[PDB]
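So this first bit is one chain, no partners, the form deposited in one PDB entry, shown in structure tokens.
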């Protein structure tokens, strides 16, 4: 009788609690008619704790939407950390900037507007400690190649949505399952990466993520 969404509601109440900044971000995202595809609270808290564990101070995110995952990354990187997040849609970037300011992390985050393949070669500063790749899935492999080039040795790369209900193994007419399957094959074969993939369930259904360490950059 218990199902993964019910368990996630319990985990949210038990481990995350009331989050008025993310509640406001959801309402603002809804008012702007953004798709409800942001990370769940357990998933966002995972990104936050991952950034905190490695003491990430330079974080790259590809795919901002309304800034939900971005807020979590900025929380984990802390007041000394900086997050650069890339977003193709001007309307998404504008909502995210408002959501970031209301969550109190605007001093830590820059939203860079444009196709990520055009903005990544000009991104400056220093090498990244953590890269979260969550944009157009057909460019996952290009984004991972960029992540390796722009990350420090030992940086963490996280790729969202790599399982898609098992569609990566099924003759499924799902462009992003095709992309996710090729992404996993590329990560396994790449000599500069050491990677794992964890299948997940919860409020967003059966999916999963890839996590890799940059061996050489």
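Residue numbers count along the first chain shown, from 1. Take the two forms, find the largest set of C-alpha atoms that superpose within 1.5 Å, and that set is the rigid core.
As for the form deposited in another entry, it is not shown, yet the points below apply to it.
- Among the residues 180, 56, 151, 38, the single one whose Cα moves by at least 2 Å between this form and the one not shown, once the core is superposed, is 38.
- Shown in the overlay between this form and the one not shown, fitted on the rigid core, is a CA shift at residue 171 of 2 Å or greater.
- In that other deposited form, the Cα atoms of residue 181 and residue 38 sit 3 Å or more nearer to each other than they do here.
- In that other deposited form, the CA atoms of residue 165 and residue 172 sit farther apart than in the displayed form, by at least 3 angstroms.
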